[PDB]
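4 protein chains.
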Amino acid sequence: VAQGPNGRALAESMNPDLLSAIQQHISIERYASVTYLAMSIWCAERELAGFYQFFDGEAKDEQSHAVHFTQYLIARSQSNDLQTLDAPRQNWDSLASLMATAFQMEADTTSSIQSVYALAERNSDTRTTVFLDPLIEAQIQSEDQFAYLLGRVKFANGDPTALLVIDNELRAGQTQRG
Amino acid sequence: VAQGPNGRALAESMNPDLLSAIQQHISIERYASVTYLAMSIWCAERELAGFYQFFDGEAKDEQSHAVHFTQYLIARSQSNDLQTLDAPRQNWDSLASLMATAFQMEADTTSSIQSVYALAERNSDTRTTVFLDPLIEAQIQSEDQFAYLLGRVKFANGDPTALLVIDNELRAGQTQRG
Amino acid sequence: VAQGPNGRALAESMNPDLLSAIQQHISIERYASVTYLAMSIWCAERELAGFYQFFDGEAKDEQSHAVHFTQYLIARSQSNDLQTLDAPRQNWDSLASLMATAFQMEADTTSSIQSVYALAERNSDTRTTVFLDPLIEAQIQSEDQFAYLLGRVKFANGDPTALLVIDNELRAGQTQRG
Amino acid sequence: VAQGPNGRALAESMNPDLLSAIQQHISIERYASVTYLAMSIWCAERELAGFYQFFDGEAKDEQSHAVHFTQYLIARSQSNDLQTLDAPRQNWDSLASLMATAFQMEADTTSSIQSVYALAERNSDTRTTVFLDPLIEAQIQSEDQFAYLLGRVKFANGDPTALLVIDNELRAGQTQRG
Ligand SMILES: [Cl-]
Ligand SMILES: [Cl-]
Ligand SMILES: [Cl-]
Ligand SMILES: [Cl-]
Ligand SMILES: [Fe+3]
Ligand SMILES: [Fe+3]
Ligand SMILES: [Fe+3]
Ligand SMILES: [Fe+3]
Ligand SMILES: [Fe+3]
Ligand SMILES: [Fe+3]
Ligand SMILES: [Fe+3]
Ligand SMILES: [Fe+3]
Ligand SMILES: [Fe+3]
Ligand SMILES: [Fe+3]
Numbered sequence: 005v006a007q008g009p010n011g012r013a014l015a016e017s018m019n020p021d022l023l024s025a026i027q028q029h030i031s032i033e034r035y036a037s038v039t040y041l042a043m044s045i046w047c048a049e050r051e052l053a054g055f056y057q058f059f060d061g062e063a064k065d066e067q068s069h070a071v072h073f074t075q076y077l078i079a080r081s082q083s084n085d086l087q088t089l090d091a092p093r094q095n096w097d098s099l100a101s102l103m104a105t106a107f108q109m110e111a112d113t114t115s116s117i118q119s120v121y122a123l124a125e126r127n128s129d130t131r132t133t134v135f136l137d138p139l140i141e142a143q144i145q146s147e148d149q150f151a152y153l154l155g156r157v158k159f160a161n162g163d164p165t166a167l168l169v170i171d172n173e174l175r176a177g178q179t180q181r182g
Numbered sequence: 005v006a007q008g009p010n011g012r013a014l015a016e017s018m019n020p021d022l023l024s025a026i027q028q029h030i031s032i033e034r035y036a037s038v039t040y041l042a043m044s045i046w047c048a049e050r051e052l053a054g055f056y057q058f059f060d061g062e063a064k065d066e067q068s069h070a071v072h073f074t075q076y077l078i079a080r081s082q083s084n085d086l087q088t089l090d091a092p093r094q095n096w097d098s099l100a101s102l103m104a105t106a107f108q109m110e111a112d113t114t115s116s117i118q119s120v121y122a123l124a125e126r127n128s129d130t131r132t133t134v135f136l137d138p139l140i141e142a143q144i145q146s147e148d149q150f151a152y153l154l155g156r157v158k159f160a161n162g163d164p165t166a167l168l169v170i171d172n173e174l175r176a177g178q179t180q181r182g
Numbered sequence: 005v006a007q008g009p010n011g012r013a014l015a016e017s018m019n020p021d022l023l024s025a026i027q028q029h030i031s032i033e034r035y036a037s038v039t040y041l042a043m044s045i046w047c048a049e050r051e052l053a054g055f056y057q058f059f060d061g062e063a064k065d066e067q068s069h070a071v072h073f074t075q076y077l078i079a080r081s082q083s084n085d086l087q088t089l090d091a092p093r094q095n096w097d098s099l100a101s102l103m104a105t106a107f108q109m110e111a112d113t114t115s116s117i118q119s120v121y122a123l124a125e126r127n128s129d130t131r132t133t134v135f136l137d138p139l140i141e142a143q144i145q146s147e148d149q150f151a152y153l154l155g156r157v158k159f160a161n162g163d164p165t166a167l168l169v170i171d172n173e174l175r176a177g178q179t180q181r182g
Numbered sequence: 005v006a007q008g009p010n011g012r013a014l015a016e017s018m019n020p021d022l023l024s025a026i027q028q029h030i031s032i033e034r035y036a037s038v039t040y041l042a043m044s045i046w047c048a049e050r051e052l053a054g055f056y057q058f059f060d061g062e063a064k065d066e067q068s069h070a071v072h073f074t075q076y077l078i079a080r081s082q083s084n085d086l087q088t089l090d091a092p093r094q095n096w097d098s099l100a101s102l103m104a105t106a107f108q109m110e111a112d113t114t115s116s117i118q119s120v121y122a123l124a125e126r127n128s129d130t131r132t133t134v135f136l137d138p139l140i141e142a143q144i145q146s147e148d149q150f151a152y153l154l155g156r157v158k159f160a161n162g163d164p165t166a167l168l169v170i171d172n173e174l175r176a177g178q179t180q181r182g
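So the sequences go chain by chain: A, B, C and D. Quick note on PDB author numbering: the first sequence kicks off at 5 and runs consecutively. Quick note on PDB author numbering: the second sequence kicks off at 5 and runs consecutively. Quick note on PDB author numbering: the third sequence kicks off at 5 and runs consecutively. Quick note on PDB author numbering: the fourth sequence kicks off at 5 and runs consecutively.
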């Protein structure tokens, strides 16, 4: 039985470029986490308590995704390489602008997964494409959800009254089309 | 015992013009269904999740009405004739305009039932008038409900804040005067 | 952030040919729905109440699949285009012939999904292949089920006694190999 | 306050021809009752226990309809006139022939109600048409049910095995399309 790079028994070797792509993607998930933390703080500073609670939870969820990926590398007997994490953006001129960054962050997270997916397909790594499939499925829902929150905030057209209503929706857990 | 046109034992023959009118009315119910589906999509595209849920349910209900009519023809030993279904309208400039189409669609559905009713009366078909009576009763309630939703949307006068409030009413199931 | 064709924030553009293929597939699902409605009526006209109940439920399920696809287009920020729906077939010489059409309809539905799948793969649209994967999985079960019902009806060899027994199986909810 | 023919306070006089038609219709209901009793006995004599139980219940139900009509005459302050009741038919060459008589009896019962209905309309007796409306509604269901039982018996094509299966359906309470 062969030994994998992390020292565990190796079911099948992984291409080093694919390994690097997964390690980099873990950093994307972690960066999404700290970005949602920054967004939760921005919302709390403006008394948007529902948005604060929503993004506080999204930050924890993105961290969970990152750990899920680290567990996949363990399962494949590959080394993890936890990287330096950049500071998040922390300033926005409006909630609409913040929600635009959040949507783009979600879409960028999917693009990163898609790039790993294509690399796995090029290397005939079916374990990895199967691993990523439910994560892309979840990204579709997250993109649908963030398009909903962004579009609803934009519909408010900067009216504080409408933003307070939406803020209360989020505090109540009404965060998608349903 | 006589055989009806659909092959079952025939309790009493039905005038062919009345039969044609019922078959055409089934198409009206089906067209209302796909129209409410189109309206549910229009609302979902604009993050009006409560309106989306309302019209998604109305579409299923209109389909149920259509099937209810097909069952009446079976019970009368008459043939069904499921027809080509036109594409629904799919574009509106505002929610107020969409709600106007919905109300008119509901009133037009009642007019179709009324036209079948008059034909049954001309032919002394008491089974059919008795069959239609509760459906007209339901139409009164649906017309009252759609007048309520349309009037409430018009009261909002295009203010996104008021439309978000009404949208949340609909998601909560607050869809008529009560 | 870019705007998609249906006006929502766009996570990633979709190839227009793939979009057309999905819109056409929605029509296939809707056509399967009205076909199963027609089959339910044919069975009701011949007092095959179990087959009537089975196909009445299949019609509602196929409609649900169609709506599921419309929701995917919403989630991808693509326009829906609900199309004219052809009249279903409504005449069969025997239950065995009707069940043959039903099986072929199910297999044709899968072929349509497979054609969309191949187009998504040609365009590297992983969101779409992930979206379709569970639907193909469900098609395998539906094909297995319709092969079971068709084969059991054919085994009956046109004997009304055996067809009454199978009819009662279906009314009881015994609709697959289990 | 005026006194009605049965001695109670009279809300509105009833045309004597309409009164005669209602009294005659009560005899039709009673005759349907004893006919279903005769049919229940014919089935019991041939060990068709499910058909026996079904018709035993139908006989009691038809009697209940008759009493319901006598109560309407009381409520209208009209005299009842319980009439001589003819002997029922008691001989049939087959279950299919018996079921044909039963269906025709049900349709003939509706025709009698329709004839009373038309007379009430000619006399602008809205109390009577309102009274009859739910009864016609019930007749539609009974006609649908007897068309189902007759058609299913005819499908059996005289095969004792299929008739035993249907007999067991009826004993279990499976007596309509559902
Ligand atoms: Cl804003
Ligand atoms: Cl509006
Ligand atoms: Cl067959
Ligand atoms: Cl027989
Ligand atoms: Fe993530
Ligand atoms: Fe995310
Ligand atoms: Fe309707
Ligand atoms: Fe309606
Ligand atoms: Fe389907
Ligand atoms: Fe299907
Ligand atoms: Fe999968
Ligand atoms: Fe009766
Ligand atoms: Fe009766
Ligand atoms: Fe009524």
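Beta carbons are placed, not taken as given, at the ideal position from N, Cα and C, and that holds for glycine.
3 or more residues per run - each beta strand (DSSP E) lying fully within the segment 124–170 of chain C:
none
Cross-strand partners of residue 7 of chain B (DSSP beta bridge)
Residue 7 of chain B pairs with B:13.
Within a Cβ cutoff of 7 Å, which residues of the same chain sit near residue 155 of chain D, ignoring the five residues on either side of it in sequence?
Around residue 155 of chain D: no qualifying Cβ.
So is residue 56 of chain C in contact with chain D if we call contact Cβ pairs under 8 Å?
yes
Residue 143 of chain B: buried (16+ other C-beta within 10 angstroms of its C-beta) or exposed?
buried
Drop a sphere of 10 angstroms on the beta-carbon of residue 164 of chain C, count the other beta-carbons inside from all chains shown, and report buried for 16 or more, exposed for fewer.
Residue burial is scored here from C-beta neighbours: residue 164 of chain C has at least 16 other C-beta atoms within 10 angstroms and is therefore classed as buried.
Is the separation between the beta-carbon of residue 162 of chain A and that of residue 100 of chain A shorter than 8 Å?
yes
Consult DSSP for residue 22 of chain A and reduce its assignment to one of helix, strand or coil.
Residue 22 of chain A falls in the helix class under three-state DSSP.
Note down, in chain order, each residue of its chain lying with its Cβ closer than 7 Å to the Cβ of residue 166 of chain A, except the 5 sequence neighbours on either side.
Exclusion of the five residues before and after residue 166 of chain A leaves 160 as the residues of its chain whose Cβ lies within less than 7 Å of its Cβ.
So, residue 41 of chain D versus residue 132 of chain D, is the Cβ gap smaller than 8 Å?
Cβ distance not < 8 Å, so residue 41 of chain D and residue 132 of chain D don't count as in contact.
DSSP three-state call for residue 89 of chain C: helix, strand or coil?
strand
Can you give me the C-alpha to C-alpha distance between residue 17 of chain C and residue 140 of chain A, rounded to a whole angstrom?
16 Å
Alpha-carbon spacing of residue 128 of chain A relative to residue 19 of chain A, whole angstroms:
10 Å
Is it a yes or a no for the segment 30–41 of chain D touching the segment 81–95 of chain D, going by three-plus beta-carbon pairs under 8 Å?
yes
Comparing the CB of residue 137 of chain B with every heavy atom of ligand 14, is any distance shorter than 7 Å?
yes
Is any heavy atom in ligand 3 found nearer than 7 Å to the beta carbon of residue 169 of chain C?
no
Residues that residue 165 of chain D contacts on chain C, provided the C-beta gap is smaller than 7 Å:
Those are 165, listed as they occur along chain C.
So, helix, strand or coil for residue 49 of chain D, using DSSP?
helix
Heavy atom of ligand 7 within 7 Å of residue 36 of chain B beta-carbon:
yes
Comparing the C-beta of residue 138 of chain C with each C-beta of chain B, is any distance below 8 Å?
no
If you draw a straight line from the C-alpha of residue 247 of chain D to the C-alpha of residue 44 of chain B, how long is it?
For chain D, the structure presents residues 5 to 182; residue 247 of chain D sits outside this window and is missing.
Is any beta-carbon of chain B found at less than 8 Å from that of residue 170 of chain A?
For residue 170 of chain A, the closest Cβ of chain B is nearer than 8 Å.
Does any heavy atom of ligand 6 sit closer than 7 Å to the C-beta of residue 16 of chain C?
No; taking the cut-off as 7 Å, the Cβ of residue 16 of chain C has no heavy atom of ligand 6 nearer than that.
Helix, strand or coil: which one does DSSP assign to residue 179 of chain D?
coil
Anything in chain B within Cβ reach of residue 3 of chain D, meaning under 8 Å, just list it in chain order.
Residue 3 of chain D is absent from the structure shown; chain D starts at 5 and stops at 182.
Distance cutoff 8 Å, beta carbons only. Does residue 51 of chain B sit that close to anything in chain A?
yes
Would you verify that the beta carbon of residue 121 of chain D is, or is not, closer than 8 Å to some beta carbon of chain B?
yes
Between A:106, A:46, A:13, which lies nearest to residue 81 of chain A when the distance is taken from Cα to Cα?
Measuring C-alpha to C-alpha distances from residue 81 of chain A to each of A:106, A:46, A:13 identifies A:13 as the nearest.
Is residue 168 of chain A near residue 55 of chain A, with beta carbons less than 8 Å apart?
no
Residue 87 of chain A and residue 24 of chain A: beta carbons closer than 8 Å?
The answer is no: Cβ separation not under 8 Å.
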